[PDB]
>>> print(open('coords-v4.cif').read())   # mmCIF, C-alpha atoms
data_run
#
loop_
_atom_site.label_atom_id
_atom_site.label_comp_id
_atom_site.auth_asym_id
_atom_site.auth_seq_id
_atom_site.Cartn_x
_atom_site.Cartn_y
_atom_site.Cartn_z
CA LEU A 1 -14.33 -24.37 -17.71
CA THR A 2 -12.14 -25.10 -14.57
CA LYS A 3 -10.38 -28.20 -16.04
CA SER A 4 -9.27 -26.43 -19.18
CA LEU A 5 -7.10 -24.22 -17.00
CA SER A 6 -6.11 -27.16 -14.81
CA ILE A 7 -4.39 -29.15 -17.44
CA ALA A 8 -2.85 -25.95 -18.84
CA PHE A 9 -0.35 -26.00 -15.95
CA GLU A 10 0.60 -29.69 -16.32
CA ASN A 11 1.15 -29.21 -20.01
CA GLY A 12 3.82 -26.73 -18.83
CA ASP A 13 2.87 -23.79 -21.08
CA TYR A 14 2.52 -20.82 -18.68
CA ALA A 15 2.05 -18.69 -21.82
CA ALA A 16 -0.94 -20.92 -22.39
CA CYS A 17 -2.07 -20.21 -18.78
CA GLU A 18 -1.76 -16.42 -19.52
CA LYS A 19 -3.84 -16.23 -22.74
CA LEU A 20 -6.60 -18.35 -21.30
CA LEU A 21 -6.95 -16.31 -18.04
CA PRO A 22 -9.05 -13.26 -19.22
CA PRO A 23 -12.24 -15.23 -20.27
CA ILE A 24 -12.13 -17.02 -16.84
CA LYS A 25 -11.98 -13.62 -15.05
CA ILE A 26 -15.60 -13.05 -16.05
CA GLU A 27 -16.28 -16.60 -15.02
CA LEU A 28 -14.65 -15.93 -11.62
CA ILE A 29 -17.66 -13.61 -10.83
CA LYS A 30 -19.81 -16.69 -11.23
CA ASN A 31 -17.60 -18.79 -9.01
CA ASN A 32 -17.92 -16.11 -6.32
CA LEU A 33 -21.71 -16.24 -6.42
CA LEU A 34 -21.64 -20.03 -5.86
CA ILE A 35 -20.33 -19.49 -2.30
CA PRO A 36 -22.64 -17.23 -0.25
CA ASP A 37 -19.42 -15.48 0.49
CA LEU A 38 -18.90 -17.10 3.94
CA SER A 39 -22.23 -16.15 5.50
CA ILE A 40 -22.65 -19.77 6.42
CA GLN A 41 -20.20 -22.57 5.52
CA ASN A 42 -21.54 -26.11 4.61
CA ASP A 43 -19.56 -29.09 3.01
CA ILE A 44 -21.20 -28.48 -0.43
CA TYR A 45 -19.62 -25.07 -0.21
CA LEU A 46 -16.37 -26.55 0.99
CA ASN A 47 -16.19 -28.28 -2.49
CA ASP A 48 -17.19 -25.16 -4.35
CA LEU A 49 -14.54 -23.09 -2.70
CA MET A 50 -11.85 -25.72 -3.46
CA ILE A 51 -12.20 -25.05 -7.14
CA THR A 52 -12.00 -21.28 -6.74
CA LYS A 53 -8.75 -21.39 -4.80
CA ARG A 54 -7.22 -23.86 -7.22
CA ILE A 55 -8.03 -21.51 -10.19
CA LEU A 56 -6.60 -18.40 -8.68
CA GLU A 57 -3.53 -20.40 -7.61
CA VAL A 58 -2.48 -21.85 -10.94
CA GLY A 59 -2.97 -18.27 -12.38
CA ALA A 60 -0.65 -16.86 -9.68
CA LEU A 61 2.22 -19.16 -10.23
CA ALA A 62 2.00 -18.42 -13.99
CA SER A 63 2.56 -14.70 -13.49
CA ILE A 64 5.76 -15.04 -11.64
CA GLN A 65 7.37 -17.21 -14.38
CA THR A 66 6.12 -14.75 -17.11
CA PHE A 67 7.60 -12.00 -15.03
CA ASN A 68 4.34 -9.95 -14.84
CA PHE A 69 4.26 -8.57 -11.31
CA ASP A 70 1.03 -6.53 -11.43
CA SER A 71 -1.31 -9.67 -11.99
CA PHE A 72 0.62 -11.75 -9.38
CA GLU A 73 0.17 -9.13 -6.67
CA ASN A 74 -3.57 -8.59 -7.32
CA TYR A 75 -4.35 -12.28 -7.23
CA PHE A 76 -2.16 -12.49 -4.04
CA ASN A 77 -4.37 -9.67 -2.45
CA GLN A 78 -7.38 -11.85 -2.97
CA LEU A 79 -5.55 -15.06 -1.99
CA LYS A 80 -4.67 -13.91 1.54
CA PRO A 81 -8.27 -13.35 2.97
CA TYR A 82 -9.07 -16.57 0.88
CA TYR A 83 -6.38 -18.60 2.94
CA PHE A 84 -6.88 -16.87 6.32
CA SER A 85 -10.59 -17.94 6.58
CA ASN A 86 -11.86 -19.23 9.87
CA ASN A 87 -9.55 -21.52 11.85
CA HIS A 88 -8.81 -24.01 9.01
CA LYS A 89 -11.18 -24.92 6.04
CA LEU A 90 -9.09 -26.62 3.42
CA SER A 91 -6.66 -23.68 3.49
CA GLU A 92 -3.86 -25.98 4.58
CA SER A 93 -2.06 -27.23 1.40
CA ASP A 94 1.39 -27.96 0.08
CA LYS A 95 0.88 -24.88 -2.06
CA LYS A 96 0.05 -22.76 1.03
CA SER A 97 3.57 -22.99 2.38
CA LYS A 98 5.00 -22.50 -1.14
CA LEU A 99 2.91 -19.36 -1.96
CA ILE A 100 3.81 -17.56 1.33
CA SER A 101 7.49 -18.16 0.64
CA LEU A 102 7.28 -16.38 -2.68
CA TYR A 103 5.33 -13.41 -1.48
CA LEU A 104 7.93 -12.62 1.19
CA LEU A 105 10.81 -12.96 -1.32
CA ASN A 106 8.92 -10.46 -3.47
CA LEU A 107 8.60 -7.90 -0.73
CA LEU A 108 12.42 -8.22 -0.12
CA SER A 109 13.04 -7.65 -3.91
CA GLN A 110 10.98 -4.50 -3.86
CA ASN A 111 13.43 -3.33 -1.13
CA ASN A 112 10.56 -2.43 1.02
CA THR A 113 11.41 -3.95 4.45
CA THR A 114 8.56 -1.92 6.03
CA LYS A 115 5.86 -4.14 4.57
CA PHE A 116 8.13 -7.27 4.75
CA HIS A 117 8.06 -7.17 8.56
CA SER A 118 4.43 -6.20 8.55
CA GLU A 119 3.66 -9.31 6.53
CA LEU A 120 5.93 -11.32 8.78
CA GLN A 121 4.06 -10.20 11.94
CA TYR A 122 0.78 -11.48 10.32
CA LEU A 123 2.40 -14.94 9.79
CA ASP A 124 4.23 -15.16 13.11
CA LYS A 125 1.29 -16.81 14.98
CA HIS A 126 -0.63 -20.04 14.05
CA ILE A 127 0.66 -20.82 10.49
CA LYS A 128 4.50 -20.12 11.13
CA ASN A 129 4.39 -22.22 14.35
CA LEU A 130 2.36 -25.18 12.90
CA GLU A 131 4.29 -25.48 9.60
CA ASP A 132 7.60 -24.88 11.34
CA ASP A 133 10.09 -23.23 8.79
CA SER A 134 11.12 -25.44 5.91
CA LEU A 135 10.35 -23.19 2.91
CA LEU A 136 9.82 -20.22 5.29
CA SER A 137 13.36 -20.63 6.51
CA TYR A 138 14.49 -19.39 3.05
CA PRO A 139 13.01 -15.75 3.40
CA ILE A 140 13.37 -15.57 7.25
CA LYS A 141 17.00 -16.33 7.24
CA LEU A 142 17.62 -14.19 4.07
CA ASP A 143 16.11 -11.06 5.68
CA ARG A 144 17.75 -11.92 9.03
CA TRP A 145 21.38 -12.15 7.77
CA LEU A 146 21.05 -8.89 5.90
CA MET A 147 20.01 -7.23 9.11
CA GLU A 148 22.82 -8.92 11.09
CA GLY A 149 25.54 -7.56 8.90
CA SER A 150 26.97 -10.82 7.83
CA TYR A 151 26.80 -10.54 4.07
CA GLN A 152 28.72 -13.73 3.26
CA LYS A 153 25.82 -15.75 4.80
CA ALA A 154 23.17 -13.70 3.00
CA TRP A 155 24.98 -14.39 -0.30
CA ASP A 156 25.31 -18.20 0.10
CA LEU A 157 21.49 -18.69 0.43
CA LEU A 158 21.06 -17.02 -2.95
CA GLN A 159 23.51 -19.45 -4.58
CA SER A 160 22.30 -22.61 -2.98
CA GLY A 161 18.69 -21.60 -4.31
CA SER A 162 19.50 -23.72 -7.41
CA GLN A 163 18.19 -27.00 -6.16
CA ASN A 164 14.67 -25.57 -5.65
CA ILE A 165 14.07 -23.23 -8.64
CA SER A 166 10.70 -23.37 -10.21
CA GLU A 167 9.67 -19.64 -10.06
CA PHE A 168 12.08 -18.42 -7.34
CA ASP A 169 14.74 -17.23 -9.84
CA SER A 170 12.39 -14.33 -10.81
CA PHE A 171 13.25 -12.83 -7.44
CA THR A 172 16.75 -14.29 -7.11
CA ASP A 173 17.89 -12.00 -9.93
CA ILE A 174 16.42 -8.79 -8.66
CA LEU A 175 17.70 -9.50 -5.09
CA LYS A 176 21.31 -10.06 -6.01
CA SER A 177 21.78 -6.78 -7.83
CA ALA A 178 20.55 -4.96 -4.71
CA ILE A 179 22.91 -6.95 -2.50
CA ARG A 180 26.02 -5.72 -4.40
CA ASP A 181 24.74 -2.17 -4.09
CA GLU A 182 24.38 -2.69 -0.30
CA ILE A 183 27.94 -3.86 0.08
CA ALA A 184 29.27 -1.03 -2.08
CA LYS A 185 27.50 1.57 0.17
CA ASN A 186 28.72 0.15 3.50
CA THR A 187 32.29 -0.11 2.00
CA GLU A 188 32.06 3.52 0.68
CA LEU A 189 32.77 5.07 4.02
CA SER A 190 35.02 2.31 5.23
CA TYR A 191 37.70 2.89 2.72
CA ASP A 192 38.21 5.11 -0.36
CA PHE A 193 40.81 2.98 -2.25
CA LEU A 194 40.80 -0.81 -2.62
CA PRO A 195 43.09 -3.08 -4.79
CA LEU A 196 41.43 -4.41 -7.90
CA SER A 197 41.21 -7.99 -6.58
CA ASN A 198 39.36 -6.93 -3.36
CA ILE A 199 36.66 -4.76 -5.14
CA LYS A 200 35.71 -7.91 -7.13
CA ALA A 201 35.94 -10.34 -4.20
CA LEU A 202 33.68 -8.20 -1.89
CA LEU A 203 30.95 -7.78 -4.48
CA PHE A 204 31.37 -11.35 -5.48
CA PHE A 205 31.61 -10.57 -9.18
CA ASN A 206 32.85 -13.35 -11.45
CA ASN A 207 34.68 -10.90 -13.76
CA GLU A 208 36.72 -7.72 -13.61
CA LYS A 209 34.94 -6.09 -16.57
CA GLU A 210 31.58 -6.28 -14.69
CA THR A 211 33.27 -4.48 -11.84
CA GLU A 212 34.11 -1.44 -14.08
CA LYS A 213 30.59 -1.49 -15.52
CA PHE A 214 29.21 -0.90 -11.96
CA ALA A 215 31.78 1.94 -11.42
CA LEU A 216 30.65 3.88 -14.50
CA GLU A 217 26.97 3.54 -13.51
CA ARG A 218 27.91 4.55 -10.02
CA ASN A 219 29.89 7.63 -11.36
CA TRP A 220 33.26 6.72 -9.72
CA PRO A 221 36.74 7.27 -11.32
CA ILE A 222 38.88 4.26 -11.93
CA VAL A 223 42.41 5.39 -11.64
CA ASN A 224 45.09 2.77 -11.87
CA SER A 225 42.63 -0.05 -11.34
CA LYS A 226 41.60 1.53 -7.94
CA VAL A 227 38.27 2.89 -7.26
CA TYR A 228 37.87 6.29 -5.64
CA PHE A 229 34.55 6.92 -3.77
CA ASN A 230 35.12 10.39 -2.18
CA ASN A 231 34.49 13.10 -4.77
CA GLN A 232 31.18 12.81 -6.54
CA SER A 233 29.28 11.30 -3.61
CA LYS A 234 30.31 14.29 -1.43
CA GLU A 235 29.21 16.86 -4.21
CA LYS A 236 25.96 15.09 -4.76
CA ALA A 237 25.32 15.02 -1.10
CA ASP A 238 25.82 18.80 -0.95
CA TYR A 239 23.43 19.37 -3.80
CA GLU A 240 20.82 17.07 -2.37
CA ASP A 241 20.98 18.93 0.94
CA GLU A 242 19.37 22.10 -0.58
CA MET A 243 15.64 21.71 -1.13
CA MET A 244 12.29 23.36 -0.19
CA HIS A 245 11.63 21.02 2.84
CA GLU A 246 14.67 21.17 4.90
CA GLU A 247 14.70 24.94 5.40
CA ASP A 248 12.15 25.22 8.18
CA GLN A 249 13.60 22.34 10.00
CA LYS A 250 17.08 23.84 10.10
CA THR A 251 16.39 26.47 12.59
CA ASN A 252 18.57 29.61 12.51
CA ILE A 253 20.33 30.68 15.70
CA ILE A 254 18.69 34.16 15.43
CA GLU A 255 15.31 32.45 14.93
CA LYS A 256 15.85 30.39 18.13
CA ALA A 257 16.41 33.57 20.07
CA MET A 258 13.25 35.17 18.87
CA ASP A 259 11.08 32.34 19.81
CA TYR A 260 12.51 32.07 23.38
CA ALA A 261 12.00 35.79 24.01
CA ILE A 262 8.40 36.13 22.77
CA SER A 263 7.15 33.08 24.63
CA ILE A 264 7.88 34.81 27.97
CA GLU A 265 6.27 38.01 26.80
CA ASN A 266 3.04 36.46 25.51
CA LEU B 1 57.87 45.04 -3.28
CA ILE B 2 55.06 47.51 -2.67
CA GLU B 3 53.79 46.83 -6.26
CA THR B 4 53.69 43.00 -5.88
CA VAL B 5 52.01 43.20 -2.55
CA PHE B 6 49.25 45.61 -3.51
CA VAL B 7 48.04 43.59 -6.46
CA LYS B 8 47.74 40.30 -4.75
CA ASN B 9 45.16 41.14 -2.04
CA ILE B 10 45.29 37.54 -0.68
CA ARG B 11 46.70 37.35 2.86
CA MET B 12 49.81 35.38 2.25
CA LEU B 13 52.74 35.40 -0.10
CA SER B 14 55.64 32.96 -0.28
CA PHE B 15 59.24 34.22 -0.22
CA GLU B 16 59.59 32.69 -3.73
CA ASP B 17 57.35 35.55 -5.18
CA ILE B 18 59.58 38.14 -3.68
CA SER B 19 62.84 36.32 -4.73
CA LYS B 20 61.85 36.31 -8.42
CA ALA B 21 60.48 39.79 -8.66
CA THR B 22 63.41 41.56 -7.03
CA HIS B 23 65.87 38.96 -8.36
CA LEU B 24 67.68 38.74 -4.94
CA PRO B 25 68.88 35.74 -2.89
CA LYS B 26 66.70 34.44 -0.10
CA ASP B 27 69.04 35.75 2.62
CA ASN B 28 68.32 39.28 1.57
CA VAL B 29 64.53 38.64 1.18
CA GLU B 30 63.59 38.43 4.84
CA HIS B 31 65.57 41.62 5.63
CA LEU B 32 63.72 43.52 2.85
CA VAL B 33 60.45 42.18 4.50
CA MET B 34 61.82 43.69 7.85
CA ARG B 35 62.37 47.04 6.17
CA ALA B 36 58.77 47.43 4.89
CA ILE B 37 57.40 46.61 8.28
CA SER B 38 59.72 49.29 9.95
CA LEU B 39 58.50 51.92 7.51
CA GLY B 40 54.94 51.16 8.52
CA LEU B 41 54.19 50.81 4.78
CA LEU B 42 53.13 47.29 5.64
CA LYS B 43 52.14 45.40 8.79
CA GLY B 44 52.23 41.63 9.43
CA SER B 45 54.40 38.83 10.60
CA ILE B 46 57.07 36.52 9.11
CA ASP B 47 57.02 32.78 9.23
CA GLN B 48 60.56 31.47 8.63
CA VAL B 49 59.53 27.81 9.19
CA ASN B 50 57.26 27.80 6.13
CA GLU B 51 59.01 30.67 4.38
CA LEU B 52 55.87 32.85 4.32
CA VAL B 53 54.99 36.54 4.75
CA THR B 54 51.54 37.01 6.10
CA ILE B 55 50.55 40.51 5.11
CA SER B 56 47.48 41.60 7.31
CA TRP B 57 47.32 45.32 6.31
CA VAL B 58 47.73 47.30 3.14
CA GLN B 59 48.44 51.02 3.18
CA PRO B 60 45.82 52.99 0.92
CA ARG B 61 47.18 54.34 -2.39
CA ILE B 62 45.84 56.40 -5.28
CA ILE B 63 42.37 55.19 -6.11
CA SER B 64 42.13 54.77 -9.89
CA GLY B 65 38.87 54.97 -11.83
CA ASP B 66 38.50 51.16 -12.10
CA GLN B 67 38.45 50.91 -8.37
CA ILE B 68 35.55 53.33 -8.01
CA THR B 69 33.39 50.76 -9.72
CA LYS B 70 34.80 47.95 -7.61
CA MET B 71 33.84 49.57 -4.41
CA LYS B 72 30.28 50.15 -5.65
CA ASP B 73 29.78 46.43 -6.63
CA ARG B 74 30.47 45.20 -3.08
CA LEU B 75 28.37 47.85 -1.40
CA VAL B 76 25.23 46.83 -3.28
CA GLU B 77 25.74 43.20 -2.16
CA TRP B 78 26.06 44.34 1.54
CA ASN B 79 22.97 46.61 1.10
CA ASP B 80 20.98 43.50 0.33
CA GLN B 81 22.14 41.62 3.28
CA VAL B 82 20.97 44.16 5.78
CA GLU B 83 17.74 44.50 3.74
CA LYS B 84 16.90 40.69 3.69
CA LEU B 85 17.70 40.21 7.29
CA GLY B 86 15.49 43.02 8.72
CA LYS B 87 12.45 42.14 6.79
CA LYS B 88 12.31 38.47 7.75
CA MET B 89 13.04 39.11 11.46
CA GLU B 90 10.13 41.68 11.78
CA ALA B 91 7.87 38.93 10.49
CA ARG B 92 9.36 36.44 13.09
CA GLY B 93 7.74 37.17 16.51
CA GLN B 94 5.66 39.97 14.98
CA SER B 95 3.29 39.92 18.06
CA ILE B 96 5.75 41.70 20.48
CA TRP B 97 7.50 44.93 19.48
CA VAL B 98 6.47 47.35 22.34
#
>>> encode(input="coords-v4.cif", output="structure tokens")
Amino acid sequence: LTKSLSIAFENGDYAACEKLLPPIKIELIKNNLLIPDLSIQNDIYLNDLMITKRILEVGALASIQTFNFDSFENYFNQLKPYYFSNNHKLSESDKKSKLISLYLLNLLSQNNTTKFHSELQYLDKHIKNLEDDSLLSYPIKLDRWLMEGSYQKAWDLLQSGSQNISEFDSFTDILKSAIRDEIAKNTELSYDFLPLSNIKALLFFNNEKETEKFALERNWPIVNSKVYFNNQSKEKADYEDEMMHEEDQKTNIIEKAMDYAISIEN
Amino acid sequence: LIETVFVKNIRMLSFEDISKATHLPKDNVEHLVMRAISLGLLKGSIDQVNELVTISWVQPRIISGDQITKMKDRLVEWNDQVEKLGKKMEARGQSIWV
């Protein structure tokens, strides 16, 4: 029953949304059969399809808040070809804008920019232009400032996110931790030794103790409240360099000679 | 001086090593370094600016028993190098060897 689910969202138990979803997944076969699966579209089938979208949709939002990624993504797979259909069915919704926003934030949290831009290219026509950027502006700008190199700007978007949280914090947390890592890596080569105050300020930590937590995890000596980046990172680098891949791609100077000589003489 | 020099087969010695062993002042040290060089017992050069003797040649002495083994250890290592290198390079550009 489609209204049993419906009300489950308004009630505000998204744990209730979760436990009810598996019986409906057998039912969602039956919803599929109602539509002839887009072989011909009529207005009876416009109504039928409205229910299907709504069901999948309330289930999707639920998974982000219960932090279960796997379910969210799968539903999302479906959801896309569901939304893209024809030129406009009743795909346009307030939720449409909202759901896109989230997906993109997710792709950024996976630290997989490859797919982020791929997904962005898909959007960049019809939909991005008609809806302007008003919830889209949140992922476009986030991704954009991290590319630019201006970290200060990329950080402030994360903090201002507070007035809009409803399911966005589930990404906000993952994304931050990666941002401090990013800063730390750029600043590794820049300078070896930084005063205590500056290590904190850069990484935007609230507390000094949190700073020293990140050192230990990062395998860096703290010596007189000054970090030292040079040692371990270099050693590690050296060790990483030796593997069964990069041995045939080196090319030995003696090996270069052989190949030049025999090519003449073939 | 000949004893201190032979044991430390590294290519440089500070003046400080000589000073202590022979218990002489530093004035006398660099002269003593001139004498060895004149004998031909030793060959090398003297840096006064850093206070070093760079020894570049040692004069062979009586080869004790321990040293017979030492020689052998290095020669095996250098056998292998020639061996590894010839085998791989035959395989590389096998096609032409007229």
>>> interface_residues(input="coords-v4.cif", of="chain B", to="chain A", cutoff="9 Å", atoms="all atoms listed in the file", output="NGL selection string")
:B and (89 or 92-93 or 95-96)
>>> atom_distance(input="coords-v4.cif", atom1="atom CA of residue B:85", atom2="atom CA of residue A:252")
11.8 Å
>>> resolve_selection(input="coords-v4.cif", expression="the PyMOL selection byres ((chain A and resi 123-136) around 10)", output="ChimeraX atom specification")
/A:84,87,92,96-102,104-105,117-122,137-142,164
>>> write_last_selection(input="coords-v4.cif", atoms="C-alpha atoms", output="PDB file, keeping the file's coordinate frame")
ATOM      1  CA  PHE A  84      -6.880 -16.870   6.320  1.00  0.00           C
ATOM      2  CA  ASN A  87      -9.550 -21.520  11.850  1.00  0.00           C
ATOM      3  CA  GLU A  92      -3.860 -25.980   4.580  1.00  0.00           C
ATOM      4  CA  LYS A  96       0.050 -22.760   1.030  1.00  0.00           C
ATOM      5  CA  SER A  97       3.570 -22.990   2.380  1.00  0.00           C
ATOM      6  CA  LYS A  98       5.000 -22.500  -1.140  1.00  0.00           C
ATOM      7  CA  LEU A  99       2.910 -19.360  -1.960  1.00  0.00           C
ATOM      8  CA  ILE A 100       3.810 -17.560   1.330  1.00  0.00           C
ATOM      9  CA  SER A 101       7.490 -18.160   0.640  1.00  0.00           C
ATOM     10  CA  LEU A 102       7.280 -16.380  -2.680  1.00  0.00           C
ATOM     11  CA  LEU A 104       7.930 -12.620   1.190  1.00  0.00           C
ATOM     12  CA  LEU A 105      10.810 -12.960  -1.320  1.00  0.00           C
ATOM     13  CA  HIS A 117       8.060  -7.170   8.560  1.00  0.00           C
ATOM     14  CA  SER A 118       4.430  -6.200   8.550  1.00  0.00           C
ATOM     15  CA  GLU A 119       3.660  -9.310   6.530  1.00  0.00           C
ATOM     16  CA  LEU A 120       5.930 -11.320   8.780  1.00  0.00           C
ATOM     17  CA  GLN A 121       4.060 -10.200  11.940  1.00  0.00           C
ATOM     18  CA  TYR A 122       0.780 -11.480  10.320  1.00  0.00           C
ATOM     19  CA  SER A 137      13.360 -20.630   6.510  1.00  0.00           C
ATOM     20  CA  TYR A 138      14.490 -19.390   3.050  1.00  0.00           C
ATOM     21  CA  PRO A 139      13.010 -15.750   3.400  1.00  0.00           C
ATOM     22  CA  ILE A 140      13.370 -15.570   7.250  1.00  0.00           C
ATOM     23  CA  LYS A 141      17.000 -16.330   7.240  1.00  0.00           C
ATOM     24  CA  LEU A 142      17.620 -14.190   4.070  1.00  0.00           C
ATOM     25  CA  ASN A 164      14.670 -25.570  -5.650  1.00  0.00           C
TER      26      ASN A 164
END
>>> resolve_selection(input="coords-v4.cif", expression="the PyMOL selection byres ((chain A and resi 223) around 12)", output="ChimeraX atom specification")
/A:193-196,212,215,220-222,224-229
>>> resolve_selection(input="coords-v4.cif", expression="the PyMOL selection byres ((chain A and resi 230) around 12)", output="PDB file with C-alpha atoms, in the coordinates of the input")
ATOM      1  CA  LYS A 185      27.500   1.570   0.170  1.00  0.00           C
ATOM      2  CA  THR A 187      32.290  -0.110   2.000  1.00  0.00           C
ATOM      3  CA  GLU A 188      32.060   3.520   0.680  1.00  0.00           C
ATOM      4  CA  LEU A 189      32.770   5.070   4.020  1.00  0.00           C
ATOM      5  CA  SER A 190      35.020   2.310   5.230  1.00  0.00           C
ATOM      6  CA  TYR A 191      37.700   2.890   2.720  1.00  0.00           C
ATOM      7  CA  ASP A 192      38.210   5.110  -0.360  1.00  0.00           C
ATOM      8  CA  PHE A 193      40.810   2.980  -2.250  1.00  0.00           C
ATOM      9  CA  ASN A 219      29.890   7.630 -11.360  1.00  0.00           C
ATOM     10  CA  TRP A 220      33.260   6.720  -9.720  1.00  0.00           C
ATOM     11  CA  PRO A 221      36.740   7.270 -11.320  1.00  0.00           C
ATOM     12  CA  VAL A 227      38.270   2.890  -7.260  1.00  0.00           C
ATOM     13  CA  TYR A 228      37.870   6.290  -5.640  1.00  0.00           C
ATOM     14  CA  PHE A 229      34.550   6.920  -3.770  1.00  0.00           C
ATOM     15  CA  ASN A 231      34.490  13.100  -4.770  1.00  0.00           C
ATOM     16  CA  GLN A 232      31.180  12.810  -6.540  1.00  0.00           C
ATOM     17  CA  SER A 233      29.280  11.300  -3.610  1.00  0.00           C
ATOM     18  CA  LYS A 234      30.310  14.290  -1.430  1.00  0.00           C
ATOM     19  CA  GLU A 235      29.210  16.860  -4.210  1.00  0.00           C
ATOM     20  CA  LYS A 236      25.960  15.090  -4.760  1.00  0.00           C
ATOM     21  CA  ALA A 237      25.320  15.020  -1.100  1.00  0.00           C
TER      22      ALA A 237
END
>>> residues_around(input="coords-v4.cif", residues="stretch 31-44 of chain B", least_positions_apart="5", cutoff="6 Å", atoms="all atoms listed in the file", output="list in words")
residues 54, 55, 56, 57, 58 and 59 of chain B
>>> axis_aligned_box(input="coords-v4.cif", around="stretch 147-162 of chain A", padding_each_side="6 Å", output="lines of an AutoDock Vina configuration file")
center_x = 23.7
center_y = -15.5
center_z = 1.8
size_x = 22.0
size_y = 28.5
size_z = 30.5
>>> residues_near_point(input="coords-v4.cif", point="(10.7, -5.4, -6.1)", cutoff="9 Å", atoms="all atoms listed in the file", output="ChimeraX atom specification")
/A:69,105-112,171,174-175
>>> closest_residue(input="coords-v4.cif", among="B:79, B:4, B:14, B:87", to="residue B:50", atoms="all atoms listed in the file")
B:14
>>> atom_distance(input="coords-v4.cif", atom1="atom CA of residue A:54", atom2="atom CA of residue A:79")
10.4 Å
>>> atom_distance(input="coords-v4.cif", atom1="atom CA of residue A:256", atom2="atom CA of residue A:244")
19.9 Å
>>> closest_residue(input="coords-v4.cif", among="A:177, A:206, A:47, A:170", to="residue A:66", atoms="only C-alpha atoms")
A:170
